[PDB]
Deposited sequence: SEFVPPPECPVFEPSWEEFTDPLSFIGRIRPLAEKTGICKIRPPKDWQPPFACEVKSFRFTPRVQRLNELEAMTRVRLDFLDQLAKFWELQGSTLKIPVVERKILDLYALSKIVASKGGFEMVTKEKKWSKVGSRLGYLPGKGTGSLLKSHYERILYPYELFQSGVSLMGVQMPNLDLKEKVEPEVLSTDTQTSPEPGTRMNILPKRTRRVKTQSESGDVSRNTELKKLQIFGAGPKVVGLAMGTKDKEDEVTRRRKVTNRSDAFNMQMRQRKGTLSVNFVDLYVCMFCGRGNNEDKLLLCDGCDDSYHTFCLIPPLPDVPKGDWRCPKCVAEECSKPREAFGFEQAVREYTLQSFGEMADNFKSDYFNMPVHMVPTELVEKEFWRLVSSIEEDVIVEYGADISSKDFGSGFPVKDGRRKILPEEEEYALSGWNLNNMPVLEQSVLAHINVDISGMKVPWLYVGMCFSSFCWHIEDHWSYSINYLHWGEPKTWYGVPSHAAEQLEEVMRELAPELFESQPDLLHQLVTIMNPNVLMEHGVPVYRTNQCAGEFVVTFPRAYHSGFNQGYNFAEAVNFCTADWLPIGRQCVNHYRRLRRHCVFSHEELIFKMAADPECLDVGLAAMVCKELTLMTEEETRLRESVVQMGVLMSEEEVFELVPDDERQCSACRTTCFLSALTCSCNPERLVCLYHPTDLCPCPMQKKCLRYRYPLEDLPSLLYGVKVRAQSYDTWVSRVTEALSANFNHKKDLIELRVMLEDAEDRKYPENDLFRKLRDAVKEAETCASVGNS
């Protein structure tokens, strides 16, 4: 009944194209960008060894119920719609809390609490820990007594209201043993050898099970796992191992996902600055039917994914130009509710069958990732998928010259939602501009174009705030203060270039895009806390414009300077020799 979408393109690069990944991805960008994802087959000779032992590799498995994997179900949306309207009426506003890294599922929580007789029934019987368990929450972290605090503050008033009448007060595993699991599950399900069941068939049965309430199918995966903590599946040199000469090649390879962030065309390179949270790969161990819902990467940008081994991983891509369009059809499901909770759209996980996105006009491509293959995900390309059987994958995010302007556009969208930024985009740009040499000329060029847009935009914000009646101007070093203390009162964005402080709070802050929301305090005295005085314009635009236009003239001892300045080659250098 399910229809496989069009295949996304694969690239089988020569050993010479395979030498720089970020050059090859640029080569391919104008094309693969249109499918939103692409697959990359390294040369068959390229087979890096698997660093990790398996027999002892211990991870904590998470769980997925494919029946309830979909959070955008009709019932959950009308509940949350009705709950928000309720609170709106009460003068408050519905604010959905986060519990253990992710949003609290109120519909589940409310259902469960009410099935055992409600708040004071669960309280007096101390079953709140039983609840959080059935809600999928990891013990013994005390989530139980935390949910009670949340239910009361949020669901109890609605419980009363919805309940009869009422409502007066008050108010305001081992990788080895995992393979044994996943190979046993799959064979007993399809009654074949696990390697013998065709991709098309598992893909069909997967989407069947999602919309199928006639049967429950539970599955285990593991993720939120780092190279830092558990170690990379790749060889690489830090202190912990003598590296074998057989491995020496692959340890240094640019396709080793440990090395990508530091490649000269990567942004997270020479900045010796801060943790972005993606300079380091993550690990996904997977089963048959294990899935990952529709999503884009933080700050959009790129993700590359190597399947080290095991049965294949199915992907569904969407172009970056279809992104607004994608978000729009999902929004059609609760327009009133998504108005009040703009970011709740992203917060709610969904696997919307590609078939449904297709008939709404959204391009959806796909592919089967087979062991030893790379998948690249382009900026703001929505992706999702599932695993065919037992496997082990490794992925990192990254950023490139072409991304920079997208990254700025992302903050602006993260600013128009209420969304915490995982770092400051503008801070990044200046850290790059502050070391113009030994910076890829691609970046430098793009930086100038991108920085001049900020200087203008900032000066507009710097002169717009004085009309508002601020006088005093302090000077702070923002990068050195923790991210959550440099946020904006309601934005909520990380400030670098400038912000506004009053005496209403010793530290509470607002970016120049929302000056009126700081406090009721009249303009009167101060305080515009800035970073650079406007002596920045000549200074930093110079250093970057230097190496930017030094290369422009050089193309228009000449093969020496290119080696000293670390110019790229391909192309031009070929004519040289």
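Student: Which regions of the deposited sequence are unaccounted for in the modelled residues, listed N- to C-terminal?
Tutor: Unmodelled stretches: 1, 174-350, 735-754, 776-790.
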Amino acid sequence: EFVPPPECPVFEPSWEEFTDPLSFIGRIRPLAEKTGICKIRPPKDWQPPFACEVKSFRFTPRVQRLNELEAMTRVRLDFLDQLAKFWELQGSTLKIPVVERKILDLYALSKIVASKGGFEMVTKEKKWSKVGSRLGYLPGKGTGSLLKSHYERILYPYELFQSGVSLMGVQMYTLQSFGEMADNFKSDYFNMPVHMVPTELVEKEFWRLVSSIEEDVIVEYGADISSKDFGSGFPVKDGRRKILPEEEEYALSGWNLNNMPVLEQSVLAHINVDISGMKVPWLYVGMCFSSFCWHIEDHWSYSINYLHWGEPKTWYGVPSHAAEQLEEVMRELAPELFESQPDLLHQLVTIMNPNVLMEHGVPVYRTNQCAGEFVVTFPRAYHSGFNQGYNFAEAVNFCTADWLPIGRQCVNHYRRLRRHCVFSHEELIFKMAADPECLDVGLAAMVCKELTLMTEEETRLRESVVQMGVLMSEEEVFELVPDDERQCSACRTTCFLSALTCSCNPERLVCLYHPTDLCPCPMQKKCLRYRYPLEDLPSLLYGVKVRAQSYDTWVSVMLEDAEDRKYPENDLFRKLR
From here on, numbers count along this sequence of modelled residues.
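Student: Mean C-alpha B-factor higher for 270-278, or for 306-314?
Tutor: Per the PDB record, 270-278.
Student: Out of 195-203 and 483-491, which stretch has the higher average CA B-factor listed in the record?
Tutor: Mean C-alpha B-factor is greater for 483-491.
Student: Using only the C-alpha B-factors in the record, can you name which of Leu263, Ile213, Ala108, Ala401 has the highest?
Tutor: By C-alpha B-factor in the record, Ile213 ranks first.
Student: Among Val54, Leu66, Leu540, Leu31, single out the one with the highest C-alpha B factor in the record, please.
Tutor: Checking the PDB record, the top C-alpha B-factor among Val54, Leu66, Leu540, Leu31 is at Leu540.
Student: Per the entry's values, where does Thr60 land by CA temperature factor relative to the rest of its chain, in the lowest, middle or highest third?
Tutor: Answer is middle: the recorded C-alpha B-factor places it there.
Student: Would you check the entry's CA temperature factor for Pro520 and let me know if it's in the chain's lowest, middle or highest third?
Tutor: Answer is highest: the recorded C-alpha B-factor places it there.
Student: What third of the chain, by the recorded C-alpha B-factor, contains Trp554?
Tutor: Highest third of the chain for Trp554's C-alpha B-factor.
Student: Based on the entry's values, in what third of the chain does the Cα temperature factor of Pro48 lie: lowest, middle or highest?
Tutor: For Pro48, the deposited C-alpha B-factor lands in the middle third.
Student: What third of its chain, lowest, middle or highest, does the C-alpha temperature factor of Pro9 fall into?
Tutor: Bottom third by C-alpha B-factor.
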